[PDB]
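Novice: This is the structure I have questions about; it appears just below.
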Amino acid sequence: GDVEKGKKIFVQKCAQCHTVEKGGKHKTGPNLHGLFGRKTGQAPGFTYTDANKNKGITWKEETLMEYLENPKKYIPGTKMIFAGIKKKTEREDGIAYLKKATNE
Ligand code: HEC
């Protein structure tokens with residue numbers, strides 16, 4: 001698993017829901033910035049979901065592993081549309097890149 005490969009994975013992955021590079025339009029859910037640093041989905045000019053506005057919790061690596069169970073159980077009311085990826089190895093791989101992306 002390489003960082004370069006991970007970046008590409010996220011791109012088809014879903015990136016449309018997390019908007020592209022800063023400059024376009026706000027995405028449906030926090031891309032990643034402040035994922036393991038900020039509270040939960042409390043971005044700036046970004047339109048947070050009902051859950052984010054409530055200030056859920058900081059999505060961590062380990063917490064994400066368990067959260068992978070019932071996405072609706074963590075943030076009820078939010079639906080996840082799209083996702084050309086599923087392979088547990090693919091998802092986990094992207095997370096590694098995310099670890100450095102937030103720290104590295
Ligand atoms: C569109 C229908 C989406 C797809 C496909 C993916 N995400 Fe998303 N995500 C989306 C929305 C509208 C929201 C808000 C609340 C929710 O839980 O859906 C989210 C939420 C997240 C967050 C929140 C992070 C934060 O800063 O609070 C993250 C980090 C997130 N979703 C990650 C993620 C990943 C890794 C995806 C592909 C592997 C993915 N989402 C798909 C919108 C959509």
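Going through the structure tokens in order, the chains are called A, B, and so on, while each chain numbers its residues from 1 and the ligands are numbered from 1 in the order shown.
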Counting only C-alpha atoms and all ligand atoms, what are the residues of chain A within 7 Å of ligand 1, and for each of them which pair of atoms is the nearest and at what distance in Å, to one decimal? Sort the table by chain and rising number, as CSV.
Specialist:
residue,atom,partner,partner_atom_place_in_ligand_line,distance
A:10,CA,ligand 1,38 (C),6.2
A:13,CA,ligand 1,37 (C),5.1
A:14,CA,ligand 1,5 (C),4.3
A:17,CA,ligand 1,1 (C),4.3
A:18,CA,ligand 1,42 (C),6.1
A:28,CA,ligand 1,12 (C),3.6
A:29,CA,ligand 1,13 (C),3.3
A:30,CA,ligand 1,26 (O),3.8
A:31,CA,ligand 1,29 (C),5.8
A:32,CA,ligand 1,29 (C),5.2
A:33,CA,ligand 1,26 (O),6.5
A:34,CA,ligand 1,26 (O),6.2
A:35,CA,ligand 1,26 (O),4.7
A:40,CA,ligand 1,27 (O),4.4
A:41,CA,ligand 1,27 (O),2.9
A:42,CA,ligand 1,26 (O),6.6
A:43,CA,ligand 1,26 (O),6.8
A:48,CA,ligand 1,14 (C),6.8
A:49,CA,ligand 1,14 (C),5.3
A:51,CA,ligand 1,15 (C),6.7
A:52,CA,ligand 1,27 (O),6.2
A:59,CA,ligand 1,24 (C),6.7
A:71,CA,ligand 1,17 (O),6.9
A:75,CA,ligand 1,17 (O),5.6
A:78,CA,ligand 1,18 (O),4.9
A:79,CA,ligand 1,18 (O),5.8
A:80,CA,ligand 1,2 (C),4.1
A:81,CA,ligand 1,2 (C),3.2
A:82,CA,ligand 1,5 (C),4.1
A:83,CA,ligand 1,5 (C),4.7
A:85,CA,ligand 1,38 (C),6.9
A:91,CA,ligand 1,38 (C),6.0
Novice: For the residues selected in the previous step, produce a file with N, CA, C and O atoms as a compact mmCIF listing (two decimals), in the first residue's frame.
Specialist:
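Result file selection.txt:
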# COMPACT_ATOMS: atom_id res chain seq x y z
N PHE A 10 -9.27 7.16 -3.23
CA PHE A 10 -10.23 8.10 -2.68
C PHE A 10 -10.92 8.89 -3.78
O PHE A 10 -12.11 9.21 -3.70
N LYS A 13 -13.40 6.48 -5.27
CA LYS A 13 -13.84 6.27 -3.92
C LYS A 13 -15.16 6.93 -3.58
O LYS A 13 -16.10 6.29 -3.10
N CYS A 14 -15.20 8.23 -3.83
CA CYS A 14 -16.20 9.02 -3.19
C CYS A 14 -15.97 10.47 -3.22
O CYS A 14 -16.67 11.17 -2.49
N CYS A 17 -18.34 13.39 -3.07
CA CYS A 17 -19.10 13.68 -1.86
C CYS A 17 -18.26 14.50 -0.88
O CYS A 17 -18.80 15.15 0.01
N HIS A 18 -16.95 14.45 -1.05
CA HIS A 18 -16.04 15.18 -0.18
C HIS A 18 -15.35 16.32 -0.93
O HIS A 18 -14.31 16.81 -0.51
N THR A 28 -20.62 17.14 0.79
CA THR A 28 -21.68 16.68 1.68
C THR A 28 -21.14 16.39 3.08
O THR A 28 -21.79 16.68 4.08
N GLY A 29 -19.94 15.83 3.14
CA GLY A 29 -19.33 15.51 4.41
C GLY A 29 -17.86 15.89 4.46
O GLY A 29 -17.18 15.87 3.44
N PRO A 30 -17.35 16.25 5.65
CA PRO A 30 -15.95 16.64 5.82
C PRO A 30 -14.99 15.73 5.06
O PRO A 30 -14.98 14.51 5.28
N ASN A 31 -14.21 16.31 4.16
CA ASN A 31 -13.25 15.55 3.37
C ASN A 31 -12.33 14.73 4.26
O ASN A 31 -12.31 13.50 4.18
N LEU A 32 -11.58 15.41 5.12
CA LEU A 32 -10.67 14.76 5.93
C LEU A 32 -9.99 15.73 6.97
O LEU A 32 -9.62 15.39 8.09
N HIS A 33 -9.85 16.97 6.51
CA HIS A 33 -9.24 18.02 7.32
C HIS A 33 -9.85 18.05 8.72
O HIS A 33 -11.06 18.18 8.88
N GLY A 34 -9.00 17.93 9.73
CA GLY A 34 -9.47 17.94 11.10
C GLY A 34 -10.22 16.68 11.47
O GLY A 34 -10.94 16.64 12.47
N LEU A 35 -10.05 15.64 10.66
CA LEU A 35 -10.72 14.36 10.90
C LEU A 35 -10.30 13.78 12.25
O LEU A 35 -11.14 13.36 13.04
N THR A 40 -16.09 16.88 15.75
CA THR A 40 -16.66 16.06 14.67
C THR A 40 -17.47 16.94 13.59
O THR A 40 -18.51 17.39 13.73
N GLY A 41 -16.78 16.87 12.39
CA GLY A 41 -17.37 17.53 11.23
C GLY A 41 -17.74 18.97 11.48
O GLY A 41 -18.76 19.45 10.99
N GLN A 42 -16.92 19.68 12.26
CA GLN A 42 -17.17 21.08 12.57
C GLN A 42 -16.32 22.00 11.71
O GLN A 42 -15.74 22.97 12.20
N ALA A 43 -16.23 21.69 10.42
CA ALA A 43 -15.45 22.49 9.49
C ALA A 43 -15.85 23.96 9.54
O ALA A 43 -16.77 24.34 10.27
N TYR A 48 -22.00 21.54 7.59
CA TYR A 48 -22.02 20.28 8.33
C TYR A 48 -23.42 19.68 8.35
O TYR A 48 -24.42 20.37 8.17
N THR A 49 -23.48 18.38 8.61
CA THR A 49 -24.74 17.66 8.69
C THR A 49 -25.36 17.88 10.06
O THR A 49 -24.73 18.44 10.95
N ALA A 51 -25.73 15.94 12.34
CA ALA A 51 -24.87 15.29 13.33
C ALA A 51 -23.62 16.14 13.61
O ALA A 51 -23.24 16.33 14.76
N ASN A 52 -23.00 16.64 12.54
CA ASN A 52 -21.80 17.46 12.68
C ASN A 52 -22.10 18.72 13.49
O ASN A 52 -21.33 19.09 14.38
N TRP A 59 -13.42 11.40 14.59
CA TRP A 59 -13.23 10.13 13.90
C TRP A 59 -11.76 9.72 13.93
O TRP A 59 -10.92 10.32 13.26
N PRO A 71 -22.72 2.55 9.78
CA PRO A 71 -22.51 3.97 9.50
C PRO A 71 -23.67 4.84 9.99
O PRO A 71 -23.47 5.99 10.38
N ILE A 75 -24.01 8.07 13.03
CA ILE A 75 -24.64 9.34 12.67
C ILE A 75 -25.98 9.11 11.99
O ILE A 75 -26.10 9.19 10.77
N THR A 78 -27.95 10.36 8.29
CA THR A 78 -27.04 10.58 7.18
C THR A 78 -26.92 9.33 6.31
O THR A 78 -26.65 8.24 6.81
N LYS A 79 -27.13 9.49 5.01
CA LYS A 79 -27.05 8.38 4.07
C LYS A 79 -25.79 8.48 3.22
O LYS A 79 -25.41 9.56 2.79
N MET A 80 -25.15 7.34 2.98
CA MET A 80 -23.94 7.30 2.17
C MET A 80 -24.23 6.74 0.78
O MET A 80 -24.53 5.55 0.63
N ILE A 81 -24.32 7.65 -0.17
CA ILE A 81 -24.60 7.43 -1.58
C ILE A 81 -23.32 7.37 -2.39
O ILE A 81 -22.46 8.24 -2.29
N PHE A 82 -23.19 6.33 -3.21
CA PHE A 82 -22.00 6.15 -4.05
C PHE A 82 -20.91 5.41 -3.28
O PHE A 82 -20.96 5.28 -2.06
N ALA A 83 -19.91 4.93 -4.02
CA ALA A 83 -18.80 4.20 -3.42
C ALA A 83 -18.34 3.05 -4.31
O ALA A 83 -18.83 1.93 -4.18
N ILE A 85 -15.80 1.49 -4.13
CA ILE A 85 -14.85 0.68 -3.38
C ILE A 85 -15.52 -0.01 -2.21
O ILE A 85 -16.46 0.53 -1.61
N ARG A 91 -10.24 -0.16 1.56
CA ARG A 91 -10.69 0.85 2.50
C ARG A 91 -9.62 1.10 3.57
O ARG A 91 -9.25 2.25 3.82
Novice: Quick one: of A:53, A:103, A:86, A:93, who's nearest to residue 7 in chain A, counting only C-alpha atoms?
Specialist: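 For residue 7 in chain A, the nearest of the given residues is A:93.
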Novice: Please determine, counting only C-alpha atoms, which residue among A:15, A:68, A:9, A:3 has the shortest atom-to-atom distance to residue 99 in chain A.
Specialist: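 Selected residue with least distance to residue 99 in chain A: A:3.
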Novice: Nearest to residue 102 in chain A among A:37, A:76, A:45, A:84, with distances taken over only C-alpha atoms: which residue is it?
Specialist: A:37
